[PDB]
Each structure stands twice: as structure tokens, then as C-alpha cells.
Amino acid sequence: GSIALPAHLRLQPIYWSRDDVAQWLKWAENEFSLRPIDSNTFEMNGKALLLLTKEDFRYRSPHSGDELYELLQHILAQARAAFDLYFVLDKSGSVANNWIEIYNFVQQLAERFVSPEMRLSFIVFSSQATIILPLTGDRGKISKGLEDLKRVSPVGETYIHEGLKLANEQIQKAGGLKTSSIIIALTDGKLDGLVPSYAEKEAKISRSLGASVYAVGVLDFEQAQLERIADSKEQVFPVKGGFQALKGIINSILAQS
């Protein structure tokens, strides 16, 4: 159910400009090996595009119209799905020179998930874990949540199982059917002592609650270590992957609905 939508394109198509519709068309054509689509085939914005019928799509693109209609529908269906995103953020001394890297990632990601049925929660952890921002879809509270993350000063050990625990406890209380709970751990992978075991054990609880566990490594990280925390190796993304990993995880999350 994956749609490799370009990063630029807003999550919701009703905000697409006339130029976004052209760019969607150019992308769809290379992504899906479609026959040449005239860039003048849909001369309208997203609002207008949502009013065309499938048969209109066929009139306008006899070769690819039905496919483009369904492609839109999937895009729209994932843009309206419910998501609980829980960011588990490493604040240990291992990442002191990389707090920049973690924060700008969390912010880029939060500024994309803006639909009314998307809530976010910010959790930090070092030796202990703390909830900076309780799960909420309130943009105003989320902004203060971001402003608090900027002042985080990284210190301590890497007790990542404490961080996942605070995600779990929130999911227990408001996790629901048709509410894809997602966990995004931004860490460096340097786990000492029993933390690897407790982490792999605690990520299973997340999977036992219906949540999907994504791992995002910062700077130089242990690839194998994260692979054991995330659901699959396909759910591990390097933060240094820039706009390319950032797109990848978005569409991976969106296709969880």
C-alpha cells in the first residue's frame, strides 16, 4: 500500500496548486511507467481535481486516467487517516554534538503531519524518560512542544527502553482501532549493558499494542542494533539521508493506514 509521493507535495491534495497538479502528473508518469501525459491534461488546482469523476479522468487521459484517479484516492485516503506518532528522542551524552540533527528531523516531520486526525507526542530519554509533549493534535501545544525540545541539553546514559515505555503507556490509554499508532526512535544506536536486551524486549510490547516502530539513526550508528528495535530493516532510516530518508519514512508511515 506504499505510495512514493514526492516530499514537496503537501499531504492533503485540496491544497495542491495548479503547479502541484502538474508536478504530480510528471511524477506519476515516471513512477508508474505511464504513457506520455500532457502537462496540460488537468489545468486546475487540487480542489478542482477532487471534483472530477473517474470517467472525467478517463476522458482526459484515455491511457492513464483510471489509474490516476485511483492513485488520487489512495493519496487522499492516507491523508485523512488517523495517526498517533510518538517520537522517542535520545538525549544522552552520545548525541551532544547531534541534538541539531535529531531536532530538525522531528520538526521537519511534525510540520508535515498537519491533518486534523494526526496527533503527536514528544518523549525524551537519557538515564530517565520524560514526556515533553503529551499526545495531541493541537498545533498550538505542539509548537510549545517544539520550543521546549530546542532547549534540551543532551546528558546521561542511553536508556532507550525507558523512552519506549512512556510511548507504550500513552498508547495503552488512547490507542484505538483505525488509529495507526507509530513510534519513531531517533537514537545513535550505542547501547551499553542490558539496554540492548530491554530495548528489543520493549519494542515488542509496542508491536504487541498494534504500534509500528521506526528507528532513525544519527551520525554514526549501529545498523544491526536498530534493525532489532524497528519492525523490519525497511523501517530504519539514516538522518543524514537528508530530504531523501525524510521522504522515505513519511511514506512508510502513511502506508501503515
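Numbering starts at 1 and follows the sequence shown.
Between 151-159 and 74-82, it is 151-159 that carries the larger average Cα temperature factor according to the deposited entry. Looking at 188-196 and 24-32 together, the entry lists the larger mean B-factor for 188-196, computed on C-alpha atoms. Reading the B-factor column for the CA atoms of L52, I37, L219, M44 in the entry, the top value corresponds to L219. Ranking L120, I183, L177, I123 by Cα temperature factor from the entry places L177 first. Among the modelled residues of the chain, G248 sits in the middle third by CA temperature factor in this PDB entry.
Among the modelled residues of its chain, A224 has a C-alpha B-factor that falls in the highest third, as given in the PDB entry. In the deposited entry, the Cα temperature factor of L68 sits in the bottom third of values across the chain's modelled residues. Sorting the modelled residues of the chain by their CA temperature factor places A110 in the lowest third.
For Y103, the recorded CA B-factor ranks within the middle third of the chain. Only modelled residues enter the ranking.
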